[PDB]
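Quick heads-up: it's one chain on its own, the form deposited in one PDB entry, in structure tokens.
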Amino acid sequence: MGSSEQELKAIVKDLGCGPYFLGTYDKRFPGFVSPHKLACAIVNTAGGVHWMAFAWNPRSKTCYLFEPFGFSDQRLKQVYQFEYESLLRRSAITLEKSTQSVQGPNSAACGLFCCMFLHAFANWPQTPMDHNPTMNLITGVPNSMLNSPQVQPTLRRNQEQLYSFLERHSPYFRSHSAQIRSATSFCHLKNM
């Protein structure tokens, strides 16, 4: 179920993020960011779901945290606010976090959505969250309504947009398309 670190690494490389990508991390951010270089990373917040994306723009001095569930989990939000502050202390500034949900609650596509955000960051680091060709494919919904029936079609359309984007941009995804689709499916966690 979900996506492995090696899957995500292969897709991020296909998407052209390699020059800025620091790796995949277990629970913690990367050790440091540099005042001189764009950087991004994927963090497993649990230690094949629980994926969040990190990015850093040294020119705007902005850290981005992309979370498909809009930081609707208050403990997760608290943890990573502190991680941000600690990262700045190790590195010697603004944090922009997701505020709306783009993924269905029964989906296991978290890691894939993080890859899509990293494409957006690598290409439009001045505006990675929204108002760019990649993220404009995806629509956020209010967190309080994440579990409401009426938003599920929007969250499903987001996932369809995600898969179609990956088919166009990632040879790895094409080579593993049916497998990854099955493992990450929109209702992987609901069978009613």
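Residue numbers run from 1 along the displayed sequence. If you superpose the two forms and keep the largest set of C-alpha atoms that fall within 1.5 Å, you have the rigid core.
Heads up, the form deposited in another entry isn't pictured, but that's what we're talking about next.
Superposing the rigid core between this form and the one not shown leaves a single residue from 30, 58, 140, 125 with a C-alpha shift of at least 2 Å: 30. Once you line up the core between this form and the one not shown, the Cα of residue 81 ends up 2 Å or more from where it was. The distance between the CA atoms of residue 78 and residue 124 is at least 3 Å longer in that other deposited form than in the form shown here. In that other deposited form, the CA atoms of residue 31 and residue 63 sit closer together than in the displayed form, by at least 3 angstroms.
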